[PDB]
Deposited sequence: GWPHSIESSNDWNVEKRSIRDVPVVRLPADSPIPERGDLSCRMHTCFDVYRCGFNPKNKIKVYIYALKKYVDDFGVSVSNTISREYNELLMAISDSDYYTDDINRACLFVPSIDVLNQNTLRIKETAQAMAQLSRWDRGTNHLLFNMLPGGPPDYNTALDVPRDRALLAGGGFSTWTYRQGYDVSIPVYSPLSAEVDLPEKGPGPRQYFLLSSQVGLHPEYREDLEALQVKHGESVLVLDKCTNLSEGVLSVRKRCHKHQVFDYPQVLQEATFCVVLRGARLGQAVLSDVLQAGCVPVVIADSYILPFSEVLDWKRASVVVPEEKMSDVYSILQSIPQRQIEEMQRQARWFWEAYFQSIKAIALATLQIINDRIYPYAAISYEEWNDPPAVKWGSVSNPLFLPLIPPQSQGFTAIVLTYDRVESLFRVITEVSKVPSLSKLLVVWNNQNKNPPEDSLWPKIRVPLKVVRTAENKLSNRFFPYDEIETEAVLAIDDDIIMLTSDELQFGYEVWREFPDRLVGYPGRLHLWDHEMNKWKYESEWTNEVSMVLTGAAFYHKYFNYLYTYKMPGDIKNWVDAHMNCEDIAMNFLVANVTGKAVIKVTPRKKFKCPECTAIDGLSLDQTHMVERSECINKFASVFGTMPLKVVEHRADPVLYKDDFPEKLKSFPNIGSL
């Protein structure tokens, strides 16, 4: 039987992977094929592949290949037989696009730190990788799965102080490691505990292996075999921060996972100084590392399904980097993911005064007051364009002759329906960044006030700037939010009437806001400003700027209900309370 050539370490995606097979598609997902015919672990892996969106049929159309040969353990691999099987696969095609799964890539006499099969060009997902046996952009570093993750349901203990500081629960350490561990234990004592030989025994003391790891804030993983030990998964499940002492080892899924916030890597030469550098890490960093360790287990190390999904996602992001998922979605815990902001306007840019603001005036059944405000708005410098939106279909727009004479290009848009949220639609007529939403009843603003508001918005293009001042309070008697405007000691919202904000907020309101809020706010014809404030504070995670020491500008239960519903839909209340306002220097 033919045998392919040995593992070509000089094999990368741009020379090995056949990108023609999976070129492009609207749903940027790689299609993986399952070969017809075995450990239970590989069976779970194949079921996970087949029960996901990556699985397809019609082999000639699929992109990835995962042969159905149990290669996970190399101790009973029969290297020659595996090579003969992969050659007899009859669809190898020199192994340009085939994926192999492994967790124990080591041999009895020598630890090659990689699969010993020929595997001339196949993409390998292995457990034990050294920097010399790992192809950077080609191979995927996957963890070795310990069945204890499913055999025992260790309780989800929260971060906090623990009885032990450093722990080392492994069986079979070489004397060079055990001697140093004993020396450290006798040097410090009562914090380091070393456990000797699914049960752990100390000197005249017995500990259960899964649960003893919960009492230590650190756990130490050595390199004894294949460079990758299953103790890492148990260490991460228990929550204790791993301390990898392996010399040249890349942690699993290091391509996307930020192992610096979840694990500590210490060289084997400086093993006697492990405790000294472990004292350097502060307690709150310990808490973060414990949370990251727990999240990495509950998502990538809990089951074979998680490992397979993560590996397929790695390969998919490599093949389609433009549609690749974000760093946070990879390695942010769900609690922090809810707490994360990820502001869409993240450049600290200040636009100059060359452009201006496109003022948008919402009008319906009010023309005598519209002129009084449009005349004042036109007098404001740096007004590039002014759009009047006509929500009223029953009435006809006034003739062009009677419109006031202004130096700014004016445009009147005839709406199809009468929706108060139509002021926030992103029109193609805005050629600028700043958009001034000004209401008809708003008359008590000078041109200087509008100019200063635009100038202040120049310093903060990523948030929403408005003149009116409102906030929110908590009432214990009703146990609900309330809308307060009579007194102003803090500000949490500014009404969209007389507000400077970036047009991306208009786009967000029109498209990316949840559909439950836009339709409801259109139906009740109130609290559009509250919805915009909520959305801006949610997407930017930043406060709001009031730019005038005045309250009256135009010459409660419903809004409280609006606030309560907006809090309910979001799952929390994104608004932030601040007491700083901007006025001329």
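Trainee: Mind pulling out the bits of the deposited sequence that never got modelled, as residue ranges from 1?
Mentor: No C-alpha for residues 1-30, 68-81, 242-252, 611-625, 656-674.
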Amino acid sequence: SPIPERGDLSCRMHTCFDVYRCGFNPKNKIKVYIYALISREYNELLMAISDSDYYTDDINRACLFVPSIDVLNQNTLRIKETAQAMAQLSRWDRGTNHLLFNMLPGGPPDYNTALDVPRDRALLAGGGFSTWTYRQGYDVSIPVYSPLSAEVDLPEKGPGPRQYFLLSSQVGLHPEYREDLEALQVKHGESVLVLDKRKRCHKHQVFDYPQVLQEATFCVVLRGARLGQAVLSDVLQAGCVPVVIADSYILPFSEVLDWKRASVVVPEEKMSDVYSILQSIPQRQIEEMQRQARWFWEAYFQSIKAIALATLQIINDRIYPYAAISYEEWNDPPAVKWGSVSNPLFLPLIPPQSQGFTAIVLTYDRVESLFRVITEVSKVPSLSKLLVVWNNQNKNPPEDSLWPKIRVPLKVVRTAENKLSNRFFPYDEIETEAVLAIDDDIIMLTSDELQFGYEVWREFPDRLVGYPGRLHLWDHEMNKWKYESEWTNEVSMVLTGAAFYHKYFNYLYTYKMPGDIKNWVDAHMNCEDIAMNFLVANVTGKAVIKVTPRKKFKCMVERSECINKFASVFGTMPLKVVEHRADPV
From here on, numbers count along this sequence of modelled residues.
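Definition used throughout: the rigid core is the maximal C-alpha set that superposes within 1.5 Å between two forms.
Trainee: Rigid core fitted first, then name the stretch among 267-275 and 510-518 whose C-alphas deviate most from the displayed form in 5 other deposited structures of this protein.
Mentor: It is 510-518 whose C-alphas lie farther from the shown form in 5 other deposited structures of this protein.
Trainee: Quick one: core-superposed, which stretch strays further from the shown model in 5 other deposited structures of this protein, 57-65 or 531-539? Go by RMS C-alpha distance.
Mentor: Result of the core-fitted comparison in 5 other deposited structures of this protein: 57-65 deviates more.
Trainee: Across the other PDB entries of this protein that were compared, is residue 423 absent from at least a third?
Mentor: No; none of the other entries leave residue 423 out.
Trainee: Among the other compared PDB entries, is residue 127 dropped in a third or more?
Mentor: No, none of the compared structures omit it.
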